[PDB]
Amino acid sequence: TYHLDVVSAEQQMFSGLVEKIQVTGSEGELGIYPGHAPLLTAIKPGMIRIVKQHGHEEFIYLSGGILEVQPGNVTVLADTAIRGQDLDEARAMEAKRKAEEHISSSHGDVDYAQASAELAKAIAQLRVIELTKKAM
Amino acid sequence: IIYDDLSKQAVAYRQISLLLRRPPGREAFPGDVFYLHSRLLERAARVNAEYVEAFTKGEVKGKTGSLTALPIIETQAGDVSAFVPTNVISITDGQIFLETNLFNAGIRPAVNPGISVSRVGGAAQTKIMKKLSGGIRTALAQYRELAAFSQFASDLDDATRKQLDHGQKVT
Amino acid sequence: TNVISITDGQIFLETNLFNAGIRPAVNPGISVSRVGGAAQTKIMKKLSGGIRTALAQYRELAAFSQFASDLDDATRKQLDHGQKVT
Amino acid sequence: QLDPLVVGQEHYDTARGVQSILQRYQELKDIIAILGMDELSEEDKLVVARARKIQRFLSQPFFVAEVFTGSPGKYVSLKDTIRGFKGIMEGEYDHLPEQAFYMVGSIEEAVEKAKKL
Amino acid sequence: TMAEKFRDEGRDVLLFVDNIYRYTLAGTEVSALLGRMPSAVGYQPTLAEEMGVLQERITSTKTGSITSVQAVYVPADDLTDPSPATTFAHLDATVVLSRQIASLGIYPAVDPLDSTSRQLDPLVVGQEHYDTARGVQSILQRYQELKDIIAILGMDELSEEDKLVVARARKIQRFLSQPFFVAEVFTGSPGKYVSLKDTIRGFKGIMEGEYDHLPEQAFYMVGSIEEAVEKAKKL
Amino acid sequence: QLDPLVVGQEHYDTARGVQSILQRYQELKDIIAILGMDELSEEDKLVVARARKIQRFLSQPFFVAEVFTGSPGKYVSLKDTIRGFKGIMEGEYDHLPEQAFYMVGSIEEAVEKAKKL
Amino acid sequence: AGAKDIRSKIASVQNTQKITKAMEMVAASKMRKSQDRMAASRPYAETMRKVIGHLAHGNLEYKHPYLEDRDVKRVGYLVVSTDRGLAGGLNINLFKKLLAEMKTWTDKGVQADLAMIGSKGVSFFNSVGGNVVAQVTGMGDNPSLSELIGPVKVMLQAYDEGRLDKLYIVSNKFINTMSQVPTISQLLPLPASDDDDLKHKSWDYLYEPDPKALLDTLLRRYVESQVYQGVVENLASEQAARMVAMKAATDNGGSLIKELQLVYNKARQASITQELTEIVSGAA
């Protein structure tokens, strides 16, 4: 058995020891047994078969990534969303559009929104410093 | 004995005093307004067996007598620190504070924990109630500040989620 | 407290508005005229109805003037319209 | 006198329902201010619309105010009051615009007004 | 006057007044009854003299002395009101009891940070006692805010320079408890009378890191420090 | 006497500008007290800095106060002061520190004092 | 003034103190969660950098544009800013540092270019007049890499397209709970670590299909990962700054109650005195 890490830019998706894996490499399906010679390749979006030590199979869905096989370790640098050129270009076009037309979205923090509104209303017309003769 | 309003007795005494030209005091209440409620509420007492035997000249021997009093006071805008309310709070053995923000919210009776207390306490409570009600008051006093923290905090720790849900059951 | 009770209206002049540059320093959210629109030419009666609400919504939003960067544009338009009519 | 034993559960329920809707709209006003309305839930946007309609529908034109505004006055029975407010709170009128309720009178007159808008 | 009779015998006497504020208010009532013009906030015109003619009779004389412990109630929680203001002109010491220190199970429930005495000066009480009291005061009033940090950020946020302050403050806080001969009916433990020397020794010890090797409950309700070491022995 | 007809438009306008800035600064003193100065909008910080500079600049040394501060008295002509306040308000002296304005005569003494801090 | 107005003001200041105490508690819990989401991000970047280290300038090497220090004719910046106020001096210290360096670069005659994360910086640099070409806003406390793909795509495209010559990320660095520091740091061309994979002499990779196509995507994914890490550290720093700001605000409210109450007691006493004197000295 060998140690395997499946990690995204955001979170660790898997860890531990494994017996083997099967991956749909970019240039064709592929299977990594222990001692496999060092290898580096991209992988297509789809399931990656694991069989954990003692034969426990499971499937993890990967949206794509890069697979790096080292002398004794293997790590899959999965990513969070489908990547290509047709997509990333649309993302960049919208990122420019939102900058040209000054489009600003709200955050989603309802807690800070309510607290800030209560804090602004409580401090209004307070006039305390005119009243306690704090020189300032 | 229940005094339905000792605020209105204080007002009537102020009237019938000013009409006799007697010098007034703070908030125009007569000088001895404290003695008015004091010499009244100090009659509410528990009296031991020897006083009862002596008073009634031996006709009753084993008994002890008592007279409990529940005077009612009215506060403007919840201001406990007015003159008459803070006089009477210094004469009695406790207070039940009925909070309007609870009454209008449908919590009835609107007893306010924390700010209400009984200074004789468990000594007067029956044994089963004393045993089963030990934690309720402070539990609610703390729950009602936790519920004031809750408005601004979503995503609450389960440890406090339990406390909030339990306090809400009991409330 | 007596003369406010005898009269049919009150014009409240406030020194904070007078210092802040608002002259005549009338405070519209607290002044009242009980005769109201009956004492106006109908053009002025028609046109003042919108000024009353333009200032009322502004008085309701005023608190956020010191956090105005945070506000949504849907209310920012009310706030910066109230500032202009003021 | 606003308790079920004297006004009946129908009236008491309608009154507390209205108070609850408006009390919730008071909560939502400041989230609408800071985050804009498009961030509200799909249930909260409905509460906002119904609170605003309830808030309009409480206004009424008086027979003695006709000298002030020229609009003719209206008398509204209690039966129509409860029927209208219950209908509003229970979504029966989510299809009318808000202004159809302003200074309207009885609830039928709101549907008669909406056609004109 | 009963206490004065005892003083004339050459004894040292202790006079308790159940509430001096009510001694002021009775004089206000009587003054109003006599029809005299009212004064500062409604009080009698002779407030400070009625207070002084009492408070000036309790003093240490060449033959004996009267000490006085007086319970004081401050109206409207205002220490500027004429009655508290007039009374504080006469008080020497001031002990503040706190519900909190009792909740934590410490008796007597005296608050060390608000209790004060104008006898705490090197020129009267000595330098060692002065700087010992000032020590424990500063230790506790730092702990009061280290425990504020701990509440919001958790313990392990603290520097280890502070995890020592907390562990010494907790022990100082415990060591201020004592068993009274009058509290035996509650505590069972025999009451202890602790001389001053013993307290100065004990707190110099605890502050300067000695006794760091024994746990805090070895101090609770113990008495002198020579008893804290034994309670740590049999712990 | 403070009228456009009596003191001319420039004097009047500068006086009212000074009042407006100082009052706007008074209005912000509570939010600054609670939430600190970093919560001000980028231009309210500018209002505050100019208000403090004006507060300093109204100070003056007197010939009858040499006994107190030692500093020699100053006599500032009107023509020479409405110019300095027009300058501070219009923004032409933002570079100088606040203490450059404290206890000086004309504005040239302030720009000259900034050289020594 | 008068006892009633001052009592109302004391009540409102106590309410303010409640609100700020609650905001401090919330900010502390979100700081903990954000600095867990921060630590969770390290392994990806840390292993991808070792891959690139072996493949780019190891015992063999390649000539990819992102690795060579070509001539600077204009610069691009990625600016991370909060979406929410009440964070103290964070955003403005950062923006002042950024403006101070952009000043140098524009003095040398090289232009500068900006892409904005968060809306605070968007509004600020619109007010100053900087050149902003792409932005993403409203991520709040839920940053995700799939949102950062756009603005960094714009800058990479403009880099290898020859329209930039250097690329920076400017952001705050969460160091200790009580201290946070703004930093401008470079991420194109790739800065050179001292890690030595001379020990990796013992092997080389099998490249499917070829190493040149792989090095490109590795570098792009690495830049995206570093931008994401910057965003997440800036979020944990925003929380750790709002916490201390609200702590200070609660202490200021507490120190203001104690002055309002002295004013209030003085007004209470004055009112009792004036009323009682009017009565007594009016009679007879």
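Chains as they are written, first to last, in this note's numbering: chain A, 1381 to 1516; chain B, -6 to 164; chain C, 691 to 776; chain D, 39 to 155; chain E, 127 to 361; chain F, 39 to 155; chain G, 105 to 388. All residues carry an ideal CB built from backbone N, CA and C; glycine is no exception.
Own chain residues within Cβ distance below 7 Å of residue i, not counting five before or after
i: F/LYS151; result: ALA138 and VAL142
i: B/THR68; result: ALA75 and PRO78
i: G/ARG324; result: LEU260
i: G/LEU339; result: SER138, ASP245 and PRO247
i: B/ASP(-2); result: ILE65 and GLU67
Beta bridge counterpart(s) of residue i as assigned by DSSP
i: A/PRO1418; result: Note: A/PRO1418 sits in no beta bridge, so no partner.
i: B/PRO23; result: B/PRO17
i: B/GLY87; result: B/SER111
i: E/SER194; result: E/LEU141
i: A/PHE1439; result: A/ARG1429
i: A/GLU1448; result: A/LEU1420 and A/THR1455
i: G/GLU165; result: G/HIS161
i: E/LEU223; result: E/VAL236
i: G/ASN276; result: G/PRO286
i: G/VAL367; result: Per DSSP, none; premise fails for G/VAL367.
8 Å Cβ cut-off: residues of chain A touching residue i
i: B/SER147; result: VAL1490 and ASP1491
i: G/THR321; result: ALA1422 and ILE1446
i: C/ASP762; result: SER1486
Rounded C-alpha distance that separates residue i from residue j
i: E/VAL292; j: E/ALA277; result: 13 Å
i: G/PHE278; j: G/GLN333; result: 11 Å
i: F/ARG54; j: C/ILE712; result: 11 Å
i: G/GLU128; j: A/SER1496; result: 12 Å
i: D/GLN47; j: B/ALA98; result: 18 Å
i: G/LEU164; j: A/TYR1441; result: 34 Å
i: residue 206 of chain B; j: B/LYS162; result: Residue numbering for chain B in the displayed model covers -6 to 164; residue 206 of chain B lies beyond these limits and cannot be assessed.
i: A/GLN1392; j: A/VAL1386; result: 6 Å
i: G/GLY213; j: G/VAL256; result: 25 Å
i: G/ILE123; j: A/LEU1499; result: 7 Å
i: A/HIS1487; j: G/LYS224; result: 11 Å
i: G/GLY162; j: G/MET152; result: 14 Å
i: A/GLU1438; j: A/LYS1432; result: 8 Å
Listed by chain order, chain C residues near residue i by CB distance under 8 Å
i: F/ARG54; result: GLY711
Neighbour list for residue i in chain B, Cβ cutoff strictly below 8 Å
i: G/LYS122; result: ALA141
i: G/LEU380; result: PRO17, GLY18, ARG19 and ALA21
Chain-ordered neighbours of residue i on chain B, where CB pairs are closer than 7 Å
i: A/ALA1495; result: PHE145
Residue i: contacting residues in chain G (beta-carbon distance under 7 Å)
i: A/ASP1468; result: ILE253 and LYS257
Contact set between residue i and chain D, taken where Cβ atoms lie within less than 8 Å
i: C/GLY727; result: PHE106
Heavy atom of the ligand NAD within 7 Å of residue i beta-carbon
i: G/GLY358; result: With respect to the ligand NAD, the structure offers nothing, as it holds no ligand at all.
Same chain only: Cβ atoms within 8 Å of residue i, ignoring 5 sequence neighbours per side
i: C/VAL725; result: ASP698 and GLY699
i: G/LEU252; result: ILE221, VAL240, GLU328, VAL331, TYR332 and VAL335
i: B/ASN80; result: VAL26, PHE27 and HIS30
Sequence-distant residues of the same chain with beta carbon closer than 6 Å to residue i, five excluded per side
i: E/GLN181; result: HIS216
Contact set between residue i and chain E, taken where Cβ atoms lie within less than 7 Å
i: B/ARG19; result: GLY168
i: G/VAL384; result: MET163 and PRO164
Within chain E, the residues that residue i reaches when beta carbons sit closer than 8 Å
i: B/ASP25; result: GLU155, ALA158 and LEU159
i: G/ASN369; result: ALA202, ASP204, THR206 and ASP207
Chain J within 8 Å of residue i, Cβ atoms only
i: E/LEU279; result: Looking for chain J here will not work: the only protein chains present are A, B, C, D, E, F and G.
Closer than 8 Å at the beta carbon, the chain G residues around residue i
i: E/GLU283; result: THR281
Interface partners of residue i on chain A, CB under 7 Å
i: D/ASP68; result: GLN1494 and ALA1497
Chain-ordered neighbours of residue i on chain F, where CB pairs are closer than 9 Å
i: G/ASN356; result: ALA71, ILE72, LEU73 and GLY74
i: G/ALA352; result: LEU73 and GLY74
Within the region 179 to 221 of chain G, ranges of the alpha helix (DSSP H) (whole runs, at least 4 residues): 194 to 211
Length-filtered (3 minimum) beta strand (DSSP E) runs lying within the region 81 to 122 of chain D: Annotation note: the region 81 to 122 of chain D contains no uninterrupted beta strand (DSSP E) run of length 3 or greater.
Entirely within the region 278 to 364 of chain G and at least 3 residues each: give me those beta strand (DSSP E) ranges in chain order. 283 to 292 and 310 to 312
Report the start-end ranges of each alpha helix (DSSP H) in the region 112 to 159 of chain B that is 4 residues or longer and not cut off at the edges. Look at the region 112 to 159 of chain B and you find these whole runs of alpha helix (DSSP H), each 4 residues long or longer: 120 to 125 and 129 to 143.
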